[PDB]
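Enquirer: Just so it is clear, I am handing over upload31.pdb, which has PDB, C-alpha atoms (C1' of nucleotides).
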ATOM      1  CA  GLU W  25      26.814  30.638 -46.271
ATOM      2  CA  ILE W  26      27.309  26.992 -45.325
ATOM      3  CA  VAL W  27      24.638  25.491 -43.073
ATOM      4  CA  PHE W  28      24.739  22.103 -41.395
ATOM      5  CA  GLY W  29      21.889  19.799 -40.570
ATOM      6  CA  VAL W  30      22.332  16.061 -40.110
ATOM      7  CA  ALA W  31      20.981  12.991 -41.846
ATOM      8  CA  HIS W  32      20.299  10.179 -39.304
ATOM      9  CA  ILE W  33      20.105   7.473 -41.975
ATOM     10  CA  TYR W  34      18.672   4.379 -40.311
ATOM     11  CA  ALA W  35      19.252   1.428 -42.592
ATOM     12  CA  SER W  36      18.164  -1.932 -41.263
ATOM     13  CA  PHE W  37      16.818  -5.174 -42.448
ATOM     14  CA  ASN W  38      13.385  -4.665 -44.022
ATOM     15  CA  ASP W  39      13.547  -0.846 -44.050
ATOM     16  CA  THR W  40      15.583   2.342 -44.505
ATOM     17  CA  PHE W  41      15.014   5.799 -43.015
ATOM     18  CA  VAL W  42      16.399   9.188 -44.047
ATOM     19  CA  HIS W  43      15.604  11.695 -41.342
ATOM     20  CA  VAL W  44      17.289  15.019 -41.889
ATOM     21  CA  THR W  45      17.022  17.319 -38.936
ATOM     22  CA  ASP W  46      18.441  20.237 -36.959
ATOM     23  CA  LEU W  47      21.880  20.466 -35.426
ATOM     24  CA  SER W  48      20.048  19.571 -32.221
ATOM     25  CA  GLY W  49      18.060  16.765 -33.721
ATOM     26  CA  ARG W  50      14.620  18.033 -32.834
ATOM     27  CA  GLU W  51      13.067  20.013 -35.672
ATOM     28  CA  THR W  52      13.043  17.667 -38.615
ATOM     29  CA  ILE W  53      13.410  18.435 -42.306
ATOM     30  CA  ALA W  54      12.001  15.831 -44.751
ATOM     31  CA  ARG W  55      11.278  12.927 -42.408
ATOM     32  CA  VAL W  56      10.498  10.501 -45.244
ATOM     33  CA  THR W  57      11.617   6.909 -45.650
ATOM     34  CA  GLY W  58      12.011   4.333 -48.366
ATOM     35  CA  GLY W  59       9.158   2.264 -47.070
ATOM     36  CA  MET W  60       6.714   4.898 -48.285
ATOM     37  CA  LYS W  61       8.142   4.673 -51.786
ATOM     38  CA  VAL W  62       7.628   1.083 -53.014
ATOM     39  CA  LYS W  63       4.207  -0.514 -52.795
ATOM     40  CA  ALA W  64       4.981  -4.154 -52.028
ATOM     41  CA  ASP W  65       5.585  -4.530 -48.173
ATOM     42  CA  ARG W  66       8.732  -6.561 -48.894
ATOM     43  CA  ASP W  67      10.483  -4.154 -51.261
ATOM     44  CA  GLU W  68      11.035  -1.570 -48.501
ATOM     45  CA  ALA W  69      14.646  -2.619 -47.948
ATOM     46  CA  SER W  70      15.849  -2.342 -51.525
ATOM     47  CA  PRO W  71      18.669  -0.037 -52.628
ATOM     48  CA  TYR W  72      16.237   1.389 -55.150
ATOM     49  CA  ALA W  73      14.009   2.547 -52.319
ATOM     50  CA  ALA W  74      16.902   4.027 -50.345
ATOM     51  CA  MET W  75      17.705   6.115 -53.386
ATOM     52  CA  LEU W  76      13.969   6.710 -53.843
ATOM     53  CA  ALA W  77      13.939   7.962 -50.307
ATOM     54  CA  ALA W  78      17.113  10.010 -50.794
ATOM     55  CA  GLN W  79      15.999  11.308 -54.184
ATOM     56  CA  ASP W  80      13.348  13.222 -52.252
ATOM     57  CA  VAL W  81      15.038  14.448 -49.074
ATOM     58  CA  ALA W  82      18.211  15.753 -50.735
ATOM     59  CA  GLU W  83      16.182  18.190 -52.798
ATOM     60  CA  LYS W  84      13.692  19.056 -50.041
ATOM     61  CA  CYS W  85      16.348  20.231 -47.616
ATOM     62  CA  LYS W  86      17.650  22.364 -50.471
ATOM     63  CA  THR W  87      14.189  23.959 -50.553
ATOM     64  CA  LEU W  88      14.874  24.775 -46.913
ATOM     65  CA  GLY W  89      18.239  26.189 -47.914
ATOM     66  CA  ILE W  90      20.309  23.349 -46.463
ATOM     67  CA  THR W  91      23.707  23.290 -48.143
ATOM     68  CA  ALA W  92      25.569  20.673 -46.134
ATOM     69  CA  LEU W  93      24.916  17.744 -43.822
ATOM     70  CA  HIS W  94      26.396  15.229 -41.418
ATOM     71  CA  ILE W  95      25.666  11.519 -41.676
ATOM     72  CA  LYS W  96      24.740   9.158 -38.833
ATOM     73  CA  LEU W  97      24.208   5.488 -39.730
ATOM     74  CA  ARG W  98      22.227   3.043 -37.639
ATOM     75  CA  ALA W  99      22.144  -0.671 -37.959
ATOM     76  CA  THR W 100      19.534  -1.438 -36.091
ATOM     77  CA  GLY W 101      21.731  -2.920 -33.436
ATOM     78  CA  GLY W 102      20.144  -3.181 -30.016
ATOM     79  CA  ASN W 103      20.956  -6.669 -28.986
ATOM     80  CA  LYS W 104      20.302  -7.209 -32.640
ATOM     81  CA  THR W 105      22.044  -7.009 -35.960
ATOM     82  CA  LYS W 106      24.691  -4.269 -35.317
ATOM     83  CA  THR W 107      25.471  -3.764 -38.994
ATOM     84  CA  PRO W 108      23.699  -1.520 -41.494
ATOM     85  CA  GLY W 109      21.548  -3.378 -43.947
ATOM     86  CA  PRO W 110      21.448  -3.327 -47.725
ATOM     87  CA  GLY W 111      20.424   0.265 -48.420
ATOM     88  CA  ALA W 112      22.948   2.089 -46.266
ATOM     89  CA  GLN W 113      25.436   2.621 -49.060
ATOM     90  CA  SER W 114      22.563   3.263 -51.450
ATOM     91  CA  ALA W 115      21.561   6.412 -49.599
ATOM     92  CA  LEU W 116      24.907   8.153 -49.133
ATOM     93  CA  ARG W 117      25.667   7.700 -52.815
ATOM     94  CA  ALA W 118      22.214   9.047 -53.614
ATOM     95  CA  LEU W 119      22.532  11.830 -51.072
ATOM     96  CA  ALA W 120      26.039  13.020 -51.896
ATOM     97  CA  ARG W 121      25.485  12.889 -55.641
ATOM     98  CA  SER W 122      22.711  15.438 -55.414
ATOM     99  CA  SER W 123      24.921  18.472 -54.628
ATOM    100  CA  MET W 124      24.967  18.198 -50.841
ATOM    101  CA  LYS W 125      28.605  18.822 -50.046
ATOM    102  CA  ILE W 126      29.009  16.977 -46.757
ATOM    103  CA  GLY W 127      31.586  16.037 -44.276
ATOM    104  CA  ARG W 128      30.953  13.962 -41.212
ATOM    105  CA  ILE W 129      30.332  10.246 -41.679
ATOM    106  CA  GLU W 130      29.525   8.765 -38.305
ATOM    107  CA  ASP W 131      27.701   5.628 -37.208
ATOM    108  CA  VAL W 132      25.466   5.901 -34.174
ATOM    109  CA  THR W 133      24.367   2.359 -33.978
ATOM    110  CA  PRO W 134      23.822   1.287 -30.388
ATOM    111  CA  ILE W 135      26.368  -1.004 -28.745
ATOM    112  CA  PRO W 136      25.598  -2.252 -25.251
ATOM    113  CA  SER W 137      27.698  -3.741 -22.472
ATOM    114  CA  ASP W 138      26.017  -7.192 -22.589
ATOM    115  CA  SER W 139      22.377  -6.210 -22.124
ATOM    116  CA  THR W 140      19.255  -8.415 -22.072
ATOM    117  CA  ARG W 141      18.352 -11.608 -23.722
ATOM    118  CA  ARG W 142      17.441 -11.278 -27.413
ATOM    119  CA  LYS W 143      14.496 -13.324 -28.646
ATOM    120  CA  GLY W 144      14.597 -16.736 -30.259
ATOM    121  CA  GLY W 145      15.409 -18.679 -27.184
ATOM    122  CA  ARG W 146      18.617 -20.691 -26.963
ATOM    123  CA  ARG W 147      18.175 -22.706 -30.144
ATOM    124  CA  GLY W 148      16.095 -20.249 -31.934
ATOM    125  CA  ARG W 149      15.039 -19.501 -35.476
ATOM    126  CA  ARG W 150      15.265 -23.028 -36.721
ATOM    127  CA  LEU W 151      15.188 -23.013 -40.461
TER     128      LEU W 151
ATOM    129  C1'   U I   1      69.409 -75.948  60.901
ATOM    130  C1'   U I   2      72.788 -76.738  65.439
ATOM    131  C1'   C I   3      71.499 -75.364  70.795
ATOM    132  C1'   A I   4      69.947 -84.652  72.571
ATOM    133  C1'   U I   5      64.148 -83.383  73.227
ATOM    134  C1'   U I   6      61.928 -77.578  73.193
ATOM    135  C1'   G I   7      61.020 -72.784  73.105
ATOM    136  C1'   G I   8      61.543 -66.999  76.215
ATOM    137  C1'   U I   9      66.757 -64.005  75.043
ATOM    138  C1'   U I  10      69.909 -62.676  69.310
ATOM    139  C1'   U I  11      73.330 -63.256  66.121
ATOM    140  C1'   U I  12      76.029 -65.872  62.295
ATOM    141  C1'   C I  13      73.273 -67.291  58.405
ATOM    142  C1'   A I  14      70.947 -63.236  56.334
ATOM    143  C1'   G I  15      68.527 -68.732  49.803
ATOM    144  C1'   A I  16      65.231 -64.134  49.980
ATOM    145  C1'   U I  17      62.217 -59.642  48.378
ATOM    146  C1'   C I  18      61.793 -54.653  48.503
ATOM    147  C1'   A I  19      64.341 -48.660  50.643
ATOM    148  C1'   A I  20      69.424 -47.961  49.859
ATOM    149  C1'   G I  21      74.592 -44.643  49.283
ATOM    150  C1'   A I  22      76.419 -38.753  47.760
ATOM    151  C1'   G I  23      80.077 -47.994  46.226
ATOM    152  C1'   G I  24      77.682 -41.177  40.659
ATOM    153  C1'   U I  25      84.235 -44.665  36.131
ATOM    154  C1'   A I  26      79.252 -44.089  33.500
ATOM    155  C1'   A I  27      81.146 -40.993  25.739
ATOM    156  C1'   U I  28      75.861 -40.922  30.712
ATOM    157  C1'   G I  29      71.360 -41.278  27.937
ATOM    158  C1'   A I  30      67.043 -37.968  22.194
ATOM    159  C1'   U I  31      68.927 -41.889  14.207
ATOM    160  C1'   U I  32      68.455 -39.099   9.539
ATOM    161  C1'   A I  33      65.385 -34.277   8.239
ATOM    162  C1'   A I  34      62.625 -38.440   2.494
ATOM    163  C1'   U I  35      62.827 -33.914  -4.396
ATOM    164  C1'   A I  36      56.923 -37.782   2.442
ATOM    165  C1'   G I  37      53.577 -34.647   5.033
ATOM    166  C1'   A I  38      51.765 -30.837   8.051
ATOM    167  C1'   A I  39      53.474 -25.909  10.098
ATOM    168  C1'   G I  40      55.965 -21.013  10.205
ATOM    169  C1'   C I  41      57.875 -16.883   7.658
ATOM    170  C1'   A I  42      60.719  -8.245   5.700
ATOM    171  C1'   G I  43      58.475 -12.969   2.630
ATOM    172  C1'   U I  44      57.499 -11.461  -2.654
ATOM    173  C1'   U I  45      53.431 -12.241  -4.434
ATOM    174  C1'   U I  46      49.717 -13.740  -8.197
ATOM    175  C1'   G I  47      44.210 -14.998  -9.599
ATOM    176  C1'   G I  48      36.692 -13.711 -13.751
ATOM    177  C1'   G I  49      38.643 -18.136  -6.128
ATOM    178  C1'   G I  50      34.626 -16.935  -1.843
ATOM    179  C1'   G I  51      31.284 -13.502   1.179
ATOM    180  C1'   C I  52      29.350  -8.675   1.996
ATOM    181  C1'   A I  53      29.377  -3.590   1.420
ATOM    182  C1'   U I  54      30.218   0.511  -2.707
ATOM    183  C1'   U I  55      29.457   2.091  -7.548
ATOM    184  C1'   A I  56      29.852   2.248 -12.840
ATOM    185  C1'   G I  57      28.459   1.257 -17.951
ATOM    186  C1'   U I  58      25.894   1.531 -22.531
ATOM    187  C1'   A I  59      21.446  -0.836 -23.865
ATOM    188  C1'   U I  60      16.460  -2.485 -23.341
ATOM    189  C1'   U I  61      11.289  -1.569 -22.079
ATOM    190  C1'   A I  62       8.176   2.248 -20.145
ATOM    191  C1'   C I  63       6.933   7.285 -19.480
ATOM    192  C1'   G I  64       7.268  12.655 -20.293
ATOM    193  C1'   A I  65       7.925  16.714 -23.543
ATOM    194  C1'   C I  66       9.571  19.021 -28.417
ATOM    195  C1'   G I  67       9.540  18.642 -33.778
ATOM    196  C1'   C I  68       8.013  16.222 -38.062
ATOM    197  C1'   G I  69       5.363  13.719 -41.377
ATOM    198  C1'   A I  70       2.049   8.412 -42.356
ATOM    199  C1'   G I  71       2.854   4.516 -42.144
ATOM    200  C1'   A I  72       5.666   1.369 -38.610
ATOM    201  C1'   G I  73       6.842  -3.757 -36.978
ATOM    202  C1'   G I  74       7.621  -8.967 -39.289
ATOM    203  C1'   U I  75       8.397 -12.811 -43.023
ATOM    204  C1'   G I  76      10.764 -16.647 -48.192
ATOM    205  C1'   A I  77       5.580 -14.076 -48.843
ATOM    206  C1'   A I  78       1.811 -12.503 -45.497
ATOM    207  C1'   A I  79      -1.267 -11.697 -41.470
ATOM    208  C1'   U I  80      -2.222 -11.328 -36.355
ATOM    209  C1'   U I  81      -0.069  -6.444 -33.831
ATOM    210  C1'   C I  82       0.660  -1.069 -33.347
ATOM    211  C1'   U I  83      -0.707   4.156 -35.472
TER     212        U I  83
END
Go through the file and emit its structure as structure tokens.
Expert:
Amino acid sequence: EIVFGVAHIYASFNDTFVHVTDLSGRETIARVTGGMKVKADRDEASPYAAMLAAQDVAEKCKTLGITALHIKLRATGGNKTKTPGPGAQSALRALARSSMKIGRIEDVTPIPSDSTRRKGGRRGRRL
RNA sequence: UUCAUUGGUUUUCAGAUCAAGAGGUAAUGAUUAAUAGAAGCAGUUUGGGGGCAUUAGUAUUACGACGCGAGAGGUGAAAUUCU
């Protein structure tokens, strides 16, 4: 009846991913992103494109019979940003308002115990 | 010094100094413990203090495999760069 894949929405600066896959994570369903939806090479990050990604996946997993999903945000925080970018809320609105009745809203962004030396160098990114 | 003068014999004197008594009545003799300091201590401890051993944590790169698709990275915008 109900069936549960996951979503793995990876919403950063400059890009957004919607990567629906198995309960394991391996066998993917509708890998597509928002960066393959707007033809400008700067427009990849827009909330239009995160919908325009999620306007495609949320039907395609229905063509694979997926009724329900879990959500896993990502930021892209390594040493880096550690907050989801502009099109994170643009996907979950686009995904949930396409008849995918979901509950689990988690955030697997990485969070290290003071790891190595992000770039820029001690004064960096002077603007 | 007196033995007129002068010494062998030795005492007073012992000008003396050094032993010397148990002639040792002796208040017999050692200041306080700095809100100085060092030191000690069932002490009770406390601290990312120091050294060496022991290990842990996610993350990062890399590499493997499995799946999925072609775009991914980056910028104010690109491109070099990866596929």
Enquirer: Could you list, as a PDB file with C-alpha atoms (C1' of nucleotides), in the frame of the given file, every residue of chain I that has an atom within 8 Å of an atom of chain W, counting all atoms listed in the file?
Expert:
ATOM      1  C1'   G I  57      28.459   1.257 -17.951  1.00  0.00           C
ATOM      2  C1'   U I  58      25.894   1.531 -22.531  1.00  0.00           C
ATOM      3  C1'   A I  59      21.446  -0.836 -23.865  1.00  0.00           C
ATOM      4  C1'   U I  60      16.460  -2.485 -23.341  1.00  0.00           C
ATOM      5  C1'   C I  66       9.571  19.021 -28.417  1.00  0.00           C
ATOM      6  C1'   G I  67       9.540  18.642 -33.778  1.00  0.00           C
ATOM      7  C1'   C I  68       8.013  16.222 -38.062  1.00  0.00           C
ATOM      8  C1'   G I  69       5.363  13.719 -41.377  1.00  0.00           C
ATOM      9  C1'   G I  71       2.854   4.516 -42.144  1.00  0.00           C
TER      10        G I  71
END
Enquirer: Residues within 9 Å of segment 67-75 of chain W, please, as a compact mmCIF listing (two decimals) with C-alpha atoms, keeping the file's coordinate frame. Count all atoms listed in the file; anything in the same chain fewer than 6 positions from it doesn't count.
Expert:
# COMPACT_ATOMS: atom_id res chain seq x y z
CA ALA W 35 19.25 1.43 -42.59
CA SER W 36 18.16 -1.93 -41.26
CA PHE W 37 16.82 -5.17 -42.45
CA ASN W 38 13.38 -4.66 -44.02
CA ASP W 39 13.55 -0.85 -44.05
CA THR W 40 15.58 2.34 -44.50
CA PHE W 41 15.01 5.80 -43.02
CA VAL W 42 16.40 9.19 -44.05
CA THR W 57 11.62 6.91 -45.65
CA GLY W 58 12.01 4.33 -48.37
CA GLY W 59 9.16 2.26 -47.07
CA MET W 60 6.71 4.90 -48.28
CA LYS W 61 8.14 4.67 -51.79
CA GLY W 109 21.55 -3.38 -43.95
CA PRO W 110 21.45 -3.33 -47.72
CA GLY W 111 20.42 0.26 -48.42
CA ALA W 112 22.95 2.09 -46.27
CA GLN W 113 25.44 2.62 -49.06
CA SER W 114 22.56 3.26 -51.45
CA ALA W 115 21.56 6.41 -49.60
CA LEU W 116 24.91 8.15 -49.13
CA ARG W 117 25.67 7.70 -52.82
CA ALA W 118 22.21 9.05 -53.61
CA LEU W 119 22.53 11.83 -51.07
Enquirer: The PyMOL selection byres ((chain W and resi 93) around 10) - which residues does that actually catch in the file I just gave you? List them as an MDAnalysis selection string.
Expert: chainID W and resid 26:32 44:47 82 85 90:92 94:96 119:120 124:129
Enquirer: Could you jot down the atom CA of residue 77 of chain W to atom CA of residue 64 of chain W separation for me, Å, one decimal place?
Expert: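 Atom CA of residue 64 of chain W lies 15.2 Å from atom CA of residue 77 of chain W.
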Enquirer: When you draw a straight line from atom CA of residue 84 of chain W to atom CA of residue 132 of chain W, how long is it in Å?
Expert: 23.7 Å
Enquirer: Quick one: axis-aligned box around all listed atoms of segment 18-34 of chain I, 6 Å on every side, centre and edge lengths in Å to one decimal, written as AutoDock Vina command-line options.
Expert:
--center_x 73.0 --center_y -44.5 --center_z 26.6 --size_x 34.4 --size_y 32.4 --size_z 60.1
Enquirer: Contacts of residue 133 of chain W at 6 Å or less, counting only C-alpha atoms (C1' of nucleotides), minus same-chain residues fewer than 2 places along, as a PDB file with C-alpha atoms, in the coordinates of the input?
Expert:
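Full text of around31.pdb as output:
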ATOM      1  CA  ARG W  98      22.227   3.043 -37.639  1.00  0.00           C
ATOM      2  CA  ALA W  99      22.144  -0.671 -37.959  1.00  0.00           C
ATOM      3  CA  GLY W 101      21.731  -2.920 -33.436  1.00  0.00           C
ATOM      4  CA  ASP W 131      27.701   5.628 -37.208  1.00  0.00           C
TER       5      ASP W 131
END
Enquirer: I'd like the interatomic distance between atom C1' of residue 2 of chain I and atom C1' of residue 17 of chain I, to a tenth of an Å.
Expert: 26.4 Å
